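A lone chain, given as structure tokens: the form deposited in one PDB entry.
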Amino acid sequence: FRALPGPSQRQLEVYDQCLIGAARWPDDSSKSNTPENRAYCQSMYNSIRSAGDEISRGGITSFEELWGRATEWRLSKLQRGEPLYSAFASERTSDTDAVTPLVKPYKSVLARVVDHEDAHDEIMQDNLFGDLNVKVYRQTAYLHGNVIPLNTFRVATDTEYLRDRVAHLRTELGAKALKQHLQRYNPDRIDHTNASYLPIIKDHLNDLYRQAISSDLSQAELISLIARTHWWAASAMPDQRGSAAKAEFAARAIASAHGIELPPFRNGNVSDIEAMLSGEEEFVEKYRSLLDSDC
């Protein structure tokens, strides 16, 4: 292993440091301007560079180790006694499914699914609402010659029926039983990559990382490898909570090890969602455009 240049001595302006790691939703970038979010982001920026220092010296030898450093950072930002600590600390296990309902703060994703060039029209058969027309984005990967289904987005299009039907269901089963159904089976939701695929994806991420810490790549090849690493890590969503932050941390740390000071993602571009809504090569090709490289 050959030492890399390490983090750039020319740093992002403080305004930009305070957007590293931000979720700049197009319908609500107010959170990115709060003092607590600016401090979280600047902390991520500094910790990324500290990890890049170590990568550049050969002190972080695997992607798993880099992800652990990102996880340690993310856990350190939780409040003392946070009940979500275990979830932010833990990989998803193969006995479980993972679901994010497309409710706030994810409402901007609804139109991205409905309007997606690669969306499909499907019929979702739900035990409470019955048959629902859905727009579906089926994210997939191809590794070692085989397809791997990743994240699946669904948005239900018969909204008048849904409002009337959900009102109905609530009284019979109790807000309790309807809420149980909606946490897992909300008509608009992301069903995430099966955790059974994490061993193979983790191995691939380790291979990408070893490639990406080589001293012989061009800047173009490095940025593509960083984009690919980000895509696989965010789309795999390895942990129960915090995967998006950890994936961005890792991608930026790898860049910083090479002296690249990547700017914040643009307003309106939430990187993990952009990854989950794209195929791999599509994402690699658009990655630079997602970053706010304007002067």
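Think of the rigid core as the biggest set of C-alphas that the two forms share within 1.5 Å after superposition. The first residue of the sequence shown is number 1, and the count goes up from there.
Another form exists, deposited in another entry; not displayed. Remarks below refer to it.
> Once you align the rigid core, which of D115, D131, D97, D121 turns out to move its Cα at least 2 Å between this form and the one not shown?
Looking at each option in turn, only one qualifies, and it is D97.
> Would you say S86 moves between this form and the one not shown, meaning its CA shifts by 2 Å or more once the core is fitted?
It does not, since the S86 C-alpha is displaced less than 2 Å between this form and the one not shown after the core fit.
> I want to check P199: does it shift between this form and the one not shown by 2 Å or more at the Cα, with the core superposed?
No, shifts by less than 2 Å.
> Taking the rigid core as reference, does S76 move its C-alpha 2 Å or further between this form and the one not shown?
No; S76 is a residue whose C-alpha shifts by less than 2 Å between this form and the one not shown when the cores are overlaid.
> In the other form, do the Cα atoms of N33 and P263 sit closer or farther apart than here, given a shift of 3 Å or more?
Result: farther.
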